[PDB]
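Participant: Right, I'll just put the structure down here and ask away after.
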Amino acid sequence: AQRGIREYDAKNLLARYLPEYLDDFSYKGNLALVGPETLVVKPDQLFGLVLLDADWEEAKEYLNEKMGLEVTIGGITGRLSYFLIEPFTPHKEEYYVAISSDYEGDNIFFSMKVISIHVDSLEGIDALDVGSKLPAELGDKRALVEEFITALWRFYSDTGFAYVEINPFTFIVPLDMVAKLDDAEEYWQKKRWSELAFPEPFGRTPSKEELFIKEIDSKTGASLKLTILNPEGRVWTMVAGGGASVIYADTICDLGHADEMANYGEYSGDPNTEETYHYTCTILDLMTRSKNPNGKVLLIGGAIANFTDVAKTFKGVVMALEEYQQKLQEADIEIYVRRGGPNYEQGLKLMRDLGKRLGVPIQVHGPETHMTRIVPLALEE
Amino acid sequence: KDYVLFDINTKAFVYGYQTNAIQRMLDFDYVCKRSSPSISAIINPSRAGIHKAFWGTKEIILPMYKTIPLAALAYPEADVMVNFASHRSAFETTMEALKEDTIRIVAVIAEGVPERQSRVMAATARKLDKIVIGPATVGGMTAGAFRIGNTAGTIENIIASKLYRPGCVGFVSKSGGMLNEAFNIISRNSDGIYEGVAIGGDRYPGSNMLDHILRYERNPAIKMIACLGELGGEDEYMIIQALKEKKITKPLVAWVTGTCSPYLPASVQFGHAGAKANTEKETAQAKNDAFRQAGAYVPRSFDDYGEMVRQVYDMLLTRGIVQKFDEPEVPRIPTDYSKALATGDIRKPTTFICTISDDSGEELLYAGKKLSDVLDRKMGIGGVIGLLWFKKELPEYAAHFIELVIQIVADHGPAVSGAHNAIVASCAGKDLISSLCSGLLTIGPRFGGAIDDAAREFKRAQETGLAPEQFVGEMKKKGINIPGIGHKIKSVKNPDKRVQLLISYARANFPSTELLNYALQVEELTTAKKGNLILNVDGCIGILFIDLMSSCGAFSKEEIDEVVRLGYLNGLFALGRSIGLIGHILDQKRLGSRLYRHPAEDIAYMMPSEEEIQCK
Amino acid sequence: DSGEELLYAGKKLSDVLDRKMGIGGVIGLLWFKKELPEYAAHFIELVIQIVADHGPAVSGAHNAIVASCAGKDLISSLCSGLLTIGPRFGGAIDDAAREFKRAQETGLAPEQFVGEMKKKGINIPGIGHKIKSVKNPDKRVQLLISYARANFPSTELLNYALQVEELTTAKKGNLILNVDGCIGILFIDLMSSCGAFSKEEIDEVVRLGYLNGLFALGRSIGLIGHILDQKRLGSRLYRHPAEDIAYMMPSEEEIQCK
Amino acid sequence: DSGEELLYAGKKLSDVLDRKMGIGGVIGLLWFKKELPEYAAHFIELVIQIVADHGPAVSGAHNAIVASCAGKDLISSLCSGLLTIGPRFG
Amino acid sequence: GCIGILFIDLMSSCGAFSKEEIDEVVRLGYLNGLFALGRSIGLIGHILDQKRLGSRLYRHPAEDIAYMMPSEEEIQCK
Ligand SMILES: CC(C)(COP(=O)(O)OP(=O)(O)OC[C@H]1O[C@@H](n2cnc3c(N)ncnc32)[C@H](O)[C@@H]1OP(=O)(O)O)[C@@H](O)C(=O)NCCC(=O)NCCS
Ligand SMILES: CC(C)(COP(=O)(O)OP(=O)(O)OC[C@H]1O[C@@H](n2cnc3c(N)ncnc32)[C@H](O)[C@@H]1OP(=O)(O)O)[C@@H](O)C(=O)NCCC(=O)NCCS
Ligand code: NA
């Protein structure tokens, strides 16, 4: 996935690794990040509020006044926590540069309305002469920007970026930065990404449970993904596969239960018993914290698997359900299962034998039942 | 033909030792009545050799190569590579396969491949007129002809979805799991798929959905196209533009998943790396609407997908575009043994019983006791032997006695039979293990076995009530030296320290030393003849071990007799003397000792005569 | 054994036992010609207990059981089992000591060692387990690592192996430092902690297979245990089931000489 | 040994013996999976006779004698001797 | 020397073995097996001979061994 990074992190990467392809003396690493537990001062919470030309005494005045401030951005009401402090660069000119990728290569965008430069995947930047640039004002300042955007592409290409935007820049100094890293690049970027961590989107607070699942997902080729949408939500899901989990969410929203949808999750790529056990323990934990009047619903669905072993995965699911037996009865939880795939009959047998001793309703289905039929069966009845 | 990806003559390499995936491919070839397996070779980066798998109920051999160029040179007919390398190796291996002149298609299974690497693979593929299916896919299949690895799961599922014969539907999805659900949906609402491909859920695939849709448009066998997309990216807009430009004339069923997204936060990244709508155009709603407006057959929701497929298939039947097929013979493969056993379908008798240890569970057990409990309780080596050999939790004096015996018998110099043989084997340049066994194999009635004889003879005399004098007398009459009695240099005035250390410990710590009390009465009688007729080390071990067992209280007379008969005592000598044997072997290795040859003058050659060797 | 009293590396046996040197101390004298410190002698005794047995299914125990079922005496049956000890059964101990020592000596960063081994197509000896993982550890390993961490003066090669392990478990959770790896690596650390062994002396210990000897000594306990167990049970002669063998005879043409 | 008759490299035992393949021929089948020519099978049998023994003083014979003198059975004593066969003896 | 060399010649005379096949035969120790099988005869012979003679337990003579114990200082850990 593409993960957005703080302007602090992007500018730190730039001032460190860009003076390797270019003679980038023009930019220094003069950056300071202010968090909840820690001149130009602006929020660094992945936005689109900026305090320009101020003293440090005036900067501490803005910080204390805006720290913890309740603000609505994108319909989301969250508190202001992260801010960037950097030197004020007095400028006249204002140029834009952005690197994004398409199916045929990378596209460089430049403006002073916008010119586009396509860099082929196999040919690279060396195969390109920049006569495609804007001549209008780029006279004395054309060979320098040609050289800089050439270096920026090399920086984009070698540092595993999925998106970079300098909007704007002046003389060669970056003023505002927006960046996304392809998180799949992690293994190849251990040294360049050393000083950074991916931030949570504005409004959202980090989840100990979500980070625990992300931790399991990192030590396997299999997929274990969990996103809490509503902790107080009635409808909980443990769906196998990326494709199917989206479809189960579509059906719940289509029945008008978008609000009750407690989470978006996914497991696939044949995870072992231990991995599925820890995942199921996490989901069960979160759904047994609060007691709801009309109870709670757990949908253990998925398509007919190609290689994910239903016996091994459901053995992990059964083990967690056995452990949460008291908390399951007390929270009025109803379990609905629909599964197909390798050794499914053995897996459904485990779930049927469990429902006959646990003391909670467990409705068990196979490939004969339509994939998403357990959704209306649980939400309409 | 260019539009054909795989046929019944397709030969492939499976990169990565994926035994289940290999078996799945072969099982499909078998149920499809293929003449030959779809796999020419396996590429195993750790090892070259052979792999055995089934062809129905018949076992076959597949060759196994360390590298892609070596396999390609041996099997040039194989034009497909099924790549099971991890996301850390997927690029290098796919790129190497694409550089091979004989390979045309690479299916990349790995999830978590960088977007740049996928872009470079896709571009490399397009430049060389090759195909990359994936990354992050199961693959796809041509019904009744070829399957990519695990595509379409179990043989039961292949049979239930009738994938052993082609239909008229050309299917393409992003999702691997949904490709299998789609196979089931389509078989129930039409004549089934002809071919199905999952391009993967990555933002930058090796091949886009349209690449496959265009192949289906050229294929005469396919009369119907069906696809299942998702939110994020503009891939589906290649299809809608091709549909608008009349590049797709065959009826196309289309559904884009991710209708949930506008109801939830804009920050939500879904399962697949590419499943996140950055713009409004990238949403499932904008995609399904543009599909409807382009002339595709779009259902109300995923629930109605099959219904849409049924409607389009029926339309082809009315117009006579599709001809009615007769259902071919339903194929059959026996259940795998491991499945039958795991489900409890069968019961299988065990060949062996084991009562001393269990490595099956969460933790290793020694006589039913967890190893962590053995070590947390400081049971020691003697305690471990107590569990593994006697199936007892021995008292502290018994476990320490076992450890004392081991130290005492550890070595007796290089001259004794065992050490001597190990030294000769070590001097011959043999490894430690061979040299050790060469020495251990001398342990028996004359070297080490006086221990078991002293336990047996003394126990019998003392049990049957024989007075020490009567036992000494009886043995003399039979002409049998008392085992455990006698020494070459040591005597009453000059005792063997090994004996003294053992007798003193037993006298001080054993609850009972009844057989030792008897042996000392016997010893008074033998030393009254010759001073060197002392109770030796071997006698001491055998006798005190009977006393240890009598002191434990948990052994009956019979149990004790069994211990003597089975040679537990030879084992204790073997265990302890292996220390000195290993020591001697290592010592000759440190010294760089040469091959031994026994001196010629130490041998009296006494050849028989010509007359003596004759047969009458 | 020539004199008034038996000597182990020049020390009188009565002094070995009066000083409670133990089995580990006796091995220290007879194998390394050293009076080992208490933590080293106890470590040797811990390894022996840990490797004493691993159930009846492994090569060594399996062969000893078959020889016992054939009515063979204890000694023959023991050697039948001991003779399987080598590069695949027991020898990952000596390989883990050799490979980890070389990487850490030659200065290779853990990442470079992991990378080099992958390029050569060689699995790292002492790395990997079938069921145990980071979330579910092998107790045998944990018992050995915990003791070394608590009692060894130095654990430099263990510190390196744990850096290697962080990298292998980042690929697959079951790529943990196994028991064989643990013994080999900690034994180099024990020798470095003693201080009386040079780099060469340590290399000699790895090359001569002292570590195979320690495995052989400790696993003989469980081998003897299995042999006696089949004798108590009155077990019958074993014959391998016919259906577990694929008979693939060459053809008349294949056996011809040209 | 699964069938009606024991096979050595696919050849029935009765055919091996009716054809007088000899010990050299049996080794040809069981070790090289070959029906060896007469000179090759006789060479194998000649080598066996030539290496049968080299007196009691050599490592193998010496170890086998020591084990026998220790009262060990034939099989244990034999393996005690055979386990010296390696880089310097043989 | 004679056995190893003539065995390569025998294999080259058969014609059914390639250069690789011959290298494998040398590598796998087929020749150690031939020596083991033949020398088993004389090994069994000598074992039986000692049994017929009623030979006693062997102990290597003490004077054929040079005992060179390390000193107290040599066995110390530091
Ligand atoms: C792709 C897949 C087949 C890879 O198999 P795997 O079990 O993860 O692992 P591998 O066999 O490749 O081994 C993992 C690594 O451990 C290494 N390793 C193994 N044993 C080792 C040892 N003892 N010491 C060191 N390294 C070792 C291997 O060399 C390999 O290294 P690499 O990743 O750098 O090449 C598997 O992860 C999978 O099935 N993933 C699912 C993909 C998916 O969901 N796709 C979409 C379907 S729609
Ligand atoms: C007569 C002599 C040859 C006897 O030999 P020996 O060394 O004393 O002893 P033996 O070989 O007979 O053995 C002594 C006893 O120990 C017994 N014995 C030996 N090993 C034994 C064992 N392991 N357990 C039990 N008994 C054992 C023998 O059976 C024998 O018993 P016995 O005396 O009741 O028959 C010897 O004592 C001698 O030379 N004496 C000198 C006589 C003399 O001075 N004569 C005048 C010269 S002018
Ligand atoms: Na993962």
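Chain identifiers are assigned as A, B, and so on, following the order in which chains appear in the structure tokens; residues are numbered from 1 within each chain, and ligands are numbered from 1 in order of appearance.
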Could you give me, as a VMD selection string, every polymer residue with an atom at most 12 Å away from an atom of ligand 3, counting only C-alpha atoms and all ligand atoms?
Facilitator: (chain A and resid 1 183 to 184 213 to 225 266 to 271 275) or (chain B and resid 86 to 88 110 to 113 136 271 to 273) or (chain C and resid 170 to 173)
Participant: Selection from above, N, CA and C atoms, as a JSON list (two decimals), in the first residue's frame, can you write it?
Facilitator:
[["chain", "number", "residue", "atom", "x", "y", "z"],
["A", 1, "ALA", "N", 0.81, -1.21, 0.00],
["A", 1, "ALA", "CA", 0.00, 0.00, 0.00],
["A", 1, "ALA", "C", 0.86, 1.28, 0.00],
["A", 183, "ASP", "N", 4.79, 1.11, 0.83],
["A", 183, "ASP", "CA", 5.17, 0.38, 2.05],
["A", 183, "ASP", "C", 5.84, -1.00, 1.77],
["A", 184, "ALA", "N", 5.60, -1.58, 0.56],
["A", 184, "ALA", "CA", 6.18, -2.85, 0.08],
["A", 184, "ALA", "C", 7.71, -2.76, -0.11],
["A", 213, "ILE", "N", -1.69, -6.93, 15.05],
["A", 213, "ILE", "CA", -2.07, -7.65, 13.83],
["A", 213, "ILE", "C", -1.07, -7.35, 12.70],
["A", 214, "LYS", "N", -0.66, -6.07, 12.58],
["A", 214, "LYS", "CA", 0.35, -5.58, 11.64],
["A", 214, "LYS", "C", 1.69, -6.26, 11.91],
["A", 215, "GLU", "N", 1.97, -6.53, 13.20],
["A", 215, "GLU", "CA", 3.18, -7.21, 13.67],
["A", 215, "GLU", "C", 3.18, -8.70, 13.24],
["A", 216, "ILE", "N", 2.02, -9.38, 13.29],
["A", 216, "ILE", "CA", 1.88, -10.77, 12.84],
["A", 216, "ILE", "C", 2.06, -10.80, 11.30],
["A", 217, "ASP", "N", 1.38, -9.90, 10.59],
["A", 217, "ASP", "CA", 1.42, -9.75, 9.14],
["A", 217, "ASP", "C", 2.84, -9.56, 8.55],
["A", 218, "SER", "N", 3.79, -8.99, 9.33],
["A", 218, "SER", "CA", 5.16, -8.69, 8.90],
["A", 218, "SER", "C", 6.10, -9.90, 8.91],
["A", 219, "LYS", "N", 5.77, -10.93, 9.70],
["A", 219, "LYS", "CA", 6.59, -12.14, 9.81],
["A", 219, "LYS", "C", 6.01, -13.30, 9.00],
["A", 220, "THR", "N", 5.23, -12.99, 7.94],
["A", 220, "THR", "CA", 4.62, -14.01, 7.06],
["A", 220, "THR", "C", 4.31, -13.50, 5.65],
["A", 221, "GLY", "N", 4.29, -14.43, 4.70],
["A", 221, "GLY", "CA", 3.89, -14.21, 3.32],
["A", 221, "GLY", "C", 2.38, -14.10, 3.22],
["A", 222, "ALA", "N", 1.65, -14.69, 4.22],
["A", 222, "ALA", "CA", 0.18, -14.64, 4.37],
["A", 222, "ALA", "C", -0.22, -13.20, 4.74],
["A", 223, "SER", "N", -1.52, -12.90, 4.63],
["A", 223, "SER", "CA", -2.09, -11.59, 4.93],
["A", 223, "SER", "C", -3.01, -11.65, 6.15],
["A", 224, "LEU", "N", -2.80, -10.74, 7.11],
["A", 224, "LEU", "CA", -3.59, -10.57, 8.33],
["A", 224, "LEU", "C", -3.70, -9.05, 8.46],
["A", 225, "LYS", "N", -4.89, -8.51, 8.17],
["A", 225, "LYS", "CA", -5.14, -7.07, 8.19],
["A", 225, "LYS", "C", -6.36, -6.76, 9.04],
["A", 266, "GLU", "N", -9.34, -8.79, 7.18],
["A", 266, "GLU", "CA", -8.97, -9.68, 6.09],
["A", 266, "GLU", "C", -7.81, -10.57, 6.51],
["A", 267, "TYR", "N", -7.91, -11.87, 6.19],
["A", 267, "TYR", "CA", -6.86, -12.87, 6.36],
["A", 267, "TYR", "C", -6.89, -13.72, 5.13],
["A", 268, "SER", "N", -5.73, -14.07, 4.61],
["A", 268, "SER", "CA", -5.62, -14.88, 3.40],
["A", 268, "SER", "C", -4.17, -15.28, 3.18],
["A", 269, "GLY", "N", -3.91, -15.96, 2.06],
["A", 269, "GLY", "CA", -2.58, -16.40, 1.68],
["A", 269, "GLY", "C", -2.09, -17.54, 2.54],
["A", 270, "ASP", "N", -3.04, -18.39, 3.00],
["A", 270, "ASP", "CA", -2.87, -19.58, 3.84],
["A", 270, "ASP", "C", -2.11, -19.32, 5.17],
["A", 271, "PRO", "N", -2.69, -18.52, 6.12],
["A", 271, "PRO", "CA", -2.02, -18.36, 7.43],
["A", 271, "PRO", "C", -2.14, -19.62, 8.29],
["A", 275, "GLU", "N", -1.26, -18.12, 13.77],
["A", 275, "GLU", "CA", -1.56, -16.78, 13.24],
["A", 275, "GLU", "C", -3.05, -16.46, 13.31],
["B", 86, "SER", "N", 9.26, -15.76, -2.83],
["B", 86, "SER", "CA", 8.68, -14.75, -1.92],
["B", 86, "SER", "C", 8.71, -13.39, -2.62],
["B", 87, "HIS", "N", 8.10, -12.36, -1.97],
["B", 87, "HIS", "CA", 8.11, -10.98, -2.46],
["B", 87, "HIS", "C", 9.53, -10.38, -2.50],
["B", 88, "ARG", "N", 10.46, -10.95, -1.72],
["B", 88, "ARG", "CA", 11.88, -10.57, -1.63],
["B", 88, "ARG", "C", 12.72, -11.17, -2.82],
["B", 110, "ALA", "N", 3.61, -14.21, -5.36],
["B", 110, "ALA", "CA", 3.95, -13.41, -4.18],
["B", 110, "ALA", "C", 3.14, -12.14, -4.01],
["B", 111, "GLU", "N", 2.74, -11.89, -2.77],
["B", 111, "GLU", "CA", 2.04, -10.71, -2.32],
["B", 111, "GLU", "C", 3.11, -9.84, -1.65],
["B", 112, "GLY", "N", 3.03, -8.52, -1.83],
["B", 112, "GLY", "CA", 3.95, -7.56, -1.22],
["B", 112, "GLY", "C", 5.16, -7.19, -2.05],
["B", 113, "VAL", "N", 5.04, -7.33, -3.38],
["B", 113, "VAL", "CA", 6.08, -6.96, -4.35],
["B", 113, "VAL", "C", 6.02, -5.41, -4.56],
["B", 136, "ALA", "N", 0.76, -11.08, -6.69],
["B", 136, "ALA", "CA", -0.34, -11.23, -5.73],
["B", 136, "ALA", "C", -1.59, -11.89, -6.35],
["B", 271, "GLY", "N", -7.90, -4.61, 1.69],
["B", 271, "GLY", "CA", -7.03, -5.78, 1.60],
["B", 271, "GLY", "C", -5.93, -5.72, 0.56],
["B", 272, "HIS", "N", -6.32, -5.68, -0.72],
["B", 272, "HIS", "CA", -5.38, -5.61, -1.84],
["B", 272, "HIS", "C", -4.63, -4.29, -1.82],
["B", 273, "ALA", "N", -3.33, -4.31, -2.15],
["B", 273, "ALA", "CA", -2.49, -3.10, -2.20],
["B", 273, "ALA", "C", -3.12, -1.96, -3.06],
["C", 170, "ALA", "N", 11.94, -12.25, 10.38],
["C", 170, "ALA", "CA", 11.30, -11.17, 9.61],
["C", 170, "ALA", "C", 10.81, -11.70, 8.24],
["C", 171, "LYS", "N", 11.27, -12.92, 7.83],
["C", 171, "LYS", "CA", 10.84, -13.56, 6.58],
["C", 171, "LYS", "C", 9.69, -14.53, 6.86],
["C", 172, "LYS", "N", 9.90, -15.44, 7.82],
["C", 172, "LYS", "CA", 8.99, -16.50, 8.26],
["C", 172, "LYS", "C", 9.24, -16.68, 9.74],
["C", 173, "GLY", "N", 8.16, -16.64, 10.52],
["C", 173, "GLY", "CA", 8.16, -16.74, 11.97],
["C", 173, "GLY", "C", 8.77, -18.00, 12.56]]
Participant: For chain C, list the residues within 7 Å of chain D, counting only C-alpha atoms, and write the list as a list in words.
Facilitator: residues 76, 249, 250, 251, 255, 256 and 257 of chain C
Participant: Write the residues you've just listed into a file as a PDB file, in the first residue's frame, and include N, CA and C atoms for each of them.
Facilitator:
ATOM      1  N   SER C  76      24.656 -53.605  20.563  1.00  0.00           N
ATOM      2  CA  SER C  76      24.507 -53.652  19.109  1.00  0.00           C
ATOM      3  C   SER C  76      23.456 -52.684  18.677  1.00  0.00           C
ATOM      4  N   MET C 249      12.033 -50.613 -10.863  1.00  0.00           N
ATOM      5  CA  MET C 249      13.018 -51.491 -11.524  1.00  0.00           C
ATOM      6  C   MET C 249      13.460 -50.958 -12.871  1.00  0.00           C
ATOM      7  N   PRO C 250      14.761 -51.024 -13.200  1.00  0.00           N
ATOM      8  CA  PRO C 250      15.175 -50.638 -14.556  1.00  0.00           C
ATOM      9  C   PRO C 250      14.711 -51.689 -15.576  1.00  0.00           C
ATOM     10  N   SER C 251      14.612 -51.293 -16.843  1.00  0.00           N
ATOM     11  CA  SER C 251      14.226 -52.201 -17.928  1.00  0.00           C
ATOM     12  C   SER C 251      15.411 -53.035 -18.368  1.00  0.00           C
ATOM     13  N   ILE C 255      19.668 -52.021 -18.293  1.00  0.00           N
ATOM     14  CA  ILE C 255      20.746 -52.732 -17.580  1.00  0.00           C
ATOM     15  C   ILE C 255      21.857 -53.238 -18.552  1.00  0.00           C
ATOM     16  N   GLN C 256      21.715 -53.015 -19.863  1.00  0.00           N
ATOM     17  CA  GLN C 256      22.735 -53.472 -20.796  1.00  0.00           C
ATOM     18  C   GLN C 256      23.998 -52.601 -20.820  1.00  0.00           C
ATOM     19  N   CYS C 257      25.152 -53.255 -21.067  1.00  0.00           N
ATOM     20  CA  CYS C 257      26.485 -52.667 -21.224  1.00  0.00           C
ATOM     21  C   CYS C 257      26.720 -52.584 -22.719  1.00  0.00           C
TER      22      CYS C 257
END
Participant: Could I get the residues of chain D with an atom no further than 10 Å from an atom of chain B, each paired with its nearest atom pair and that distance in Å to one decimal, using only C-alpha atoms, sorted by chain and residue number, as a tab-separated table?
Facilitator:
residue	atom	partner	partner_atom	distance
D:55	CA	B:605	CA	9.6
D:56	CA	B:598	CA	7.9
D:57	CA	B:598	CA	4.5
D:58	CA	B:597	CA	5.2
D:59	CA	B:597	CA	6.1
D:60	CA	B:425	CA	8.4
D:61	CA	B:598	CA	9.7
D:62	CA	B:598	CA	7.1
D:63	CA	B:421	CA	5.7
D:64	CA	B:421	CA	8.9
D:66	CA	B:417	CA	6.5
D:67	CA	B:442	CA	4.7
D:68	CA	B:442	CA	8.0
D:69	CA	B:446	CA	8.4
D:70	CA	B:446	CA	5.2
D:71	CA	B:445	CA	6.1
D:72	CA	B:444	CA	6.2
D:73	CA	B:444	CA	9.1
D:75	CA	B:441	CA	9.5
D:76	CA	B:441	CA	5.7
D:77	CA	B:441	CA	6.9
D:78	CA	B:441	CA	9.4
D:79	CA	B:438	CA	7.1
D:80	CA	B:438	CA	4.2
D:81	CA	B:438	CA	7.1
D:82	CA	B:438	CA	8.2
D:83	CA	B:434	CA	5.7
D:84	CA	B:425	CA	4.8
D:85	CA	B:428	CA	7.6
D:86	CA	B:430	CA	6.2
D:87	CA	B:429	CA	6.1
D:88	CA	B:428	CA	5.2
D:89	CA	B:428	CA	6.2
D:90	CA	B:428	CA	9.7
Participant: How about saving the chosen residues, C-alpha atoms kept, as a compact mmCIF listing (two decimals), in the first residue's frame?
Facilitator:
# COMPACT_ATOMS: atom_id res chain seq x y z
CA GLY D 55 46.80 -61.10 7.92
CA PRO D 56 45.73 -60.29 11.47
CA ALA D 57 47.93 -57.23 12.01
CA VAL D 58 46.03 -54.71 9.85
CA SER D 59 43.54 -52.24 11.54
CA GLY D 60 40.30 -54.04 10.58
CA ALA D 61 41.46 -57.59 11.38
CA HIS D 62 43.12 -56.29 14.56
CA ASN D 63 39.94 -54.61 15.86
CA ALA D 64 37.77 -57.66 14.94
CA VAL D 66 40.22 -57.64 19.98
CA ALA D 67 36.36 -57.61 20.04
CA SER D 68 36.38 -61.47 19.53
CA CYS D 69 38.89 -61.80 22.43
CA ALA D 70 36.47 -59.63 24.51
CA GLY D 71 33.92 -62.46 23.95
CA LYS D 72 31.77 -60.53 21.51
CA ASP D 73 29.47 -62.31 18.98
CA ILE D 75 28.41 -59.62 14.02
CA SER D 76 29.54 -57.10 16.69
CA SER D 77 33.17 -58.17 16.25
CA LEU D 78 32.82 -57.86 12.43
CA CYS D 79 31.42 -54.32 12.59
CA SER D 80 34.08 -53.35 15.16
CA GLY D 81 36.62 -54.34 12.38
CA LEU D 82 34.66 -52.85 9.45
CA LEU D 83 34.37 -49.45 11.16
CA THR D 84 38.15 -48.92 10.66
CA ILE D 85 37.63 -48.90 6.84
CA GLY D 86 38.10 -45.38 5.60
CA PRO D 87 40.78 -43.03 4.32
CA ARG D 88 43.85 -44.96 5.60
CA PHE D 89 42.67 -48.55 5.69
CA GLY D 90 41.06 -49.41 2.33
Participant: Can you pull out every residue with an atom within 6 Å of ligand 2? Use only C-alpha atoms and all ligand atoms and format it as JSON, numbers by chain.
Facilitator: {"B": [476, 481, 482, 485, 486, 526, 529, 530]}
Participant: Selection from above, N, CA, C and O atoms, as a PDB file, in the first residue's frame, can you write it?
Facilitator:
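The new file part_27.pdb reads:
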ATOM      1  N   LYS B 476      33.384 -72.155  43.654  1.00  0.00           N
ATOM      2  CA  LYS B 476      34.666 -72.865  43.570  1.00  0.00           C
ATOM      3  C   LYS B 476      34.465 -74.282  42.957  1.00  0.00           C
ATOM      4  O   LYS B 476      35.242 -74.672  42.079  1.00  0.00           O
ATOM      5  N   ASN B 481      34.991 -68.295  38.731  1.00  0.00           N
ATOM      6  CA  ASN B 481      35.491 -67.180  39.514  1.00  0.00           C
ATOM      7  C   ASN B 481      34.292 -66.301  39.835  1.00  0.00           C
ATOM      8  O   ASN B 481      33.355 -66.205  39.025  1.00  0.00           O
ATOM      9  N   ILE B 482      34.273 -65.720  41.038  1.00  0.00           N
ATOM     10  CA  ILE B 482      33.144 -64.877  41.415  1.00  0.00           C
ATOM     11  C   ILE B 482      33.228 -63.560  40.648  1.00  0.00           C
ATOM     12  O   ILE B 482      34.240 -62.866  40.758  1.00  0.00           O
ATOM     13  N   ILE B 485      34.745 -59.918  41.917  1.00  0.00           N
ATOM     14  CA  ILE B 485      35.775 -60.231  42.905  1.00  0.00           C
ATOM     15  C   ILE B 485      37.122 -60.354  42.210  1.00  0.00           C
ATOM     16  O   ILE B 485      37.221 -61.072  41.214  1.00  0.00           O
ATOM     17  N   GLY B 486      38.138 -59.694  42.765  1.00  0.00           N
ATOM     18  CA  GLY B 486      39.510 -59.772  42.290  1.00  0.00           C
ATOM     19  C   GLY B 486      40.061 -58.545  41.588  1.00  0.00           C
ATOM     20  O   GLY B 486      39.352 -57.842  40.863  1.00  0.00           O
ATOM     21  N   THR B 526      36.901 -64.276  50.558  1.00  0.00           N
ATOM     22  CA  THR B 526      37.808 -64.340  49.407  1.00  0.00           C
ATOM     23  C   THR B 526      39.163 -63.740  49.760  1.00  0.00           C
ATOM     24  O   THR B 526      40.186 -64.349  49.416  1.00  0.00           O
ATOM     25  N   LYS B 529      41.773 -65.888  51.438  1.00  0.00           N
ATOM     26  CA  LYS B 529      42.519 -66.797  50.570  1.00  0.00           C
ATOM     27  C   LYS B 529      43.724 -66.068  49.959  1.00  0.00           C
ATOM     28  O   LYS B 529      44.854 -66.552  50.039  1.00  0.00           O
ATOM     29  N   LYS B 530      43.458 -64.918  49.329  1.00  0.00           N
ATOM     30  CA  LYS B 530      44.408 -64.047  48.633  1.00  0.00           C
ATOM     31  C   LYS B 530      43.902 -62.634  48.829  1.00  0.00           C
ATOM     32  O   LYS B 530      42.735 -62.362  48.531  1.00  0.00           O
TER      33      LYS B 530
END
Participant: Distance cut-off 6 Å, counting only C-alpha atoms - which residues of chain C neighbour chain E? Return them as JSON, numbers by chain.
Facilitator: {"C": [9, 10, 33, 34, 35, 194, 195, 196, 257, 258]}
Participant: Using only C-alpha atoms, I'd like a table of the residues in chain E that come within 8 Å of chain B; for each, show the closest atom pair and its distance in Å rounded to one decimal, ordered by chain and ascending number, as CSV.
Facilitator:
residue,atom,partner,partner_atom,distance
E:57,CA,B:446,CA,6.7
E:58,CA,B:417,CA,6.3
E:59,CA,B:416,CA,5.2
E:60,CA,B:415,CA,4.5
E:61,CA,B:415,CA,6.9
E:62,CA,B:415,CA,6.9
Participant: State, in Å with one decimal place, the distance from atom CA of residue B:257 to atom CA of residue B:301.
Facilitator: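 Those two atoms sit 8.6 Å apart.
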Participant: Tell me, as an NGL selection string, which residues lie within 7 Å of residue A:94, counting only C-alpha atoms; anything in the same chain fewer than 5 positions away does not count.
Facilitator: :A and (112 or 168-170)
